Each structure stands twice: as C-alpha cells, then as structure tokens.
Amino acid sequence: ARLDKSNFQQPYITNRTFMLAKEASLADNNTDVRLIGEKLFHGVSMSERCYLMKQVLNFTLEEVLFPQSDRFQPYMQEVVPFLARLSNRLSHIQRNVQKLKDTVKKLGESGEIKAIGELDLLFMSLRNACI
C-alpha cells in the first residue's frame, strides 16, 4: 500500500543504495537491455504502482540479491537489510512482473547483475509509487 516518507529522507542509506547500483552497473556490459522503466507499468494504474514495486522488490530480494550476496561489498551488506525492512513494511500485475523475471532469466547470471545495477531505478520507482 504505502511507505512513509521518512524511509526515503536518509542520505546515508539512499547514497549506499545508489553506490551499490553503481558498482553492479560497472559489471554490466549490456547497454541494450533495460529492466526497470517503461514497460513495467504498462496497464497498471498510479494507485497500483506501489503494489507492483512490492512484487518487484520481493523478486529482487529472493532471486537476485540472495544468490549474489557475496558481491559488491561492503554496500551489499548494508543495503539489503534496508530493502528487506521496506519489504517487511509492505508485507495483470503478475503479467508485467513475470516479463521482468523472464528477462533476468534469459540474460543468465548477467541478468542478476543487471538487476542489482538497476537498484537505483527500483529504489526511486518504489519511492515515487509508495510515498
């Protein structure tokens, strides 16, 4: 449904999140495929966006950040618990999320790296949708 504005008003953790995405994007050589933007919200109302980003967030935690928990330290170990708290707070949509899952899968391990590199986009979409 909703996330409080105070979750997004903390420069240290916002910056670490951006820093995590930056580091992963450095390992992402695929400039041709963007995961989060655009298509993801096609057919979804503004009021449904927060719930969509919950699903995307929980996918990313469980299938992306988990397998890659060793990478991109020390940012990973600080940022994941933050994103996990946001998930705990939130505790056709399926169609759009499945496409993102498919794309990550098609790209292989590089798709998981791509998703981590797009955490800036996930985080700011979460912010826009949920506040």
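Throughout, we count residues from 1 along the sequence that is shown.
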Please classify the unmodelled stretch of the deposited sequence between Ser91 and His92: none, 1 to 3, 4 to 9, or 10 or more residues.
4 to 9
Which wins on mean Cα temperature factor, 118-126 or 21-29?
21-29
Identify the stretch, either 65-73 or 36-44, whose C-alpha atoms have the larger mean B-factor according to the entry.
36-44
Among the choices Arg95, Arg49, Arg85, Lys105, identify the one whose CA B-factor in the record is greatest.
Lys105
Entry-reported Cα temperature factor of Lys101, expressed as the chain third it lands in
highest
